[PDB]
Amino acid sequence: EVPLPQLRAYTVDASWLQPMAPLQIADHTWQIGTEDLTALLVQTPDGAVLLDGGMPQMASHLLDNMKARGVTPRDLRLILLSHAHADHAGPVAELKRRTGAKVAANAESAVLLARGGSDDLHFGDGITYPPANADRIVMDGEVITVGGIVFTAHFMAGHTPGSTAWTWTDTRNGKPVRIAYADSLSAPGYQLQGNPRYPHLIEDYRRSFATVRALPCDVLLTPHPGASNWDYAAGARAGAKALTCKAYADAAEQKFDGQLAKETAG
């Protein structure tokens, strides 16, 4: 009579999967992902750091762009994550197999990564990806140093329990540039109020808005570039319209408050 449905892969907008050549953000920091998914390469004299990798099928493209930058597989030392959803941590397992890279993440992100995004608090098994293990667990405010670039973790739970902003100082034109890679603050299709799987969701989002507002932030980047008004396809003006961290937090909070009101009405 009626068979059970076939499994459905989550399909994304084509721009999320559109390869781009490396785009320089600061002296050591490059966008090497796709037009609409951030994957940041930070290059140091002592090896490279990758912050996010995008979707699972982006692994080979990332390695190609690393090679274009002078980074061989052995040179990739560290993978950091904004959060462990399939569209940001998708290729981590494959990257670990193909490079020297080790993963550092907080406990919440580590457990979600280790189950490949399955049993998501909001999406169930709808967006799974290959599981990976974290090599180092980080705590809030902990620093990790690679070739003299210091990365600081700032927990900003909400979009996932383990959502993290990463900050570091690079240079540009001889002057320091405080880069803030702030995580998503969206809640796409989430039940916000009275969620049995995330009872303090609203409190965590409100704290996370405050955390983002206060980040050291000359340049804001986000996992989805549109969230911070980056346009990676716009070349020399890709970052011209980027939001401040304050503006990003304010916009996210206004959207969140609207969603809460609609949820109450729905």
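Basically, rigid core = biggest C-alpha set you can superpose within 1.5 Å across the two forms. Start at 1 and count along the sequence shown; that's the residue number.
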item: More variable segment, 244-252 or 9-17 [Cα RMS over structures in 6 other deposited structures of this protein, core-superposed]; value: 9-17
item: Per the entry, higher mean C-alpha B factor between 71-79 and 115-123; value: 71-79
item: Higher-scoring stretch by recorded Cα B factor average, 252-260 or 9-17; value: 9-17
item: Candidate residues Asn229, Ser208, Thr44, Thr38, the one whose C-alpha B factor the record puts highest; value: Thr44
item: From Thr167, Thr99, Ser109, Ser184, residue of greatest CA B-factor; value: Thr99
item: Modelled-residue ranking by C-alpha temperature factor, third containing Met55; value: lowest
item: Third of chain Cα B-factors occupied by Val150; value: highest
item: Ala240 CA temperature factor, ranked by third within the chain; value: middle
item: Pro216, C-alpha B-factor rank within chain (lowest, middle or highest third); value: highest
item: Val103 CA temperature factor, ranked by third within the chain; value: lowest
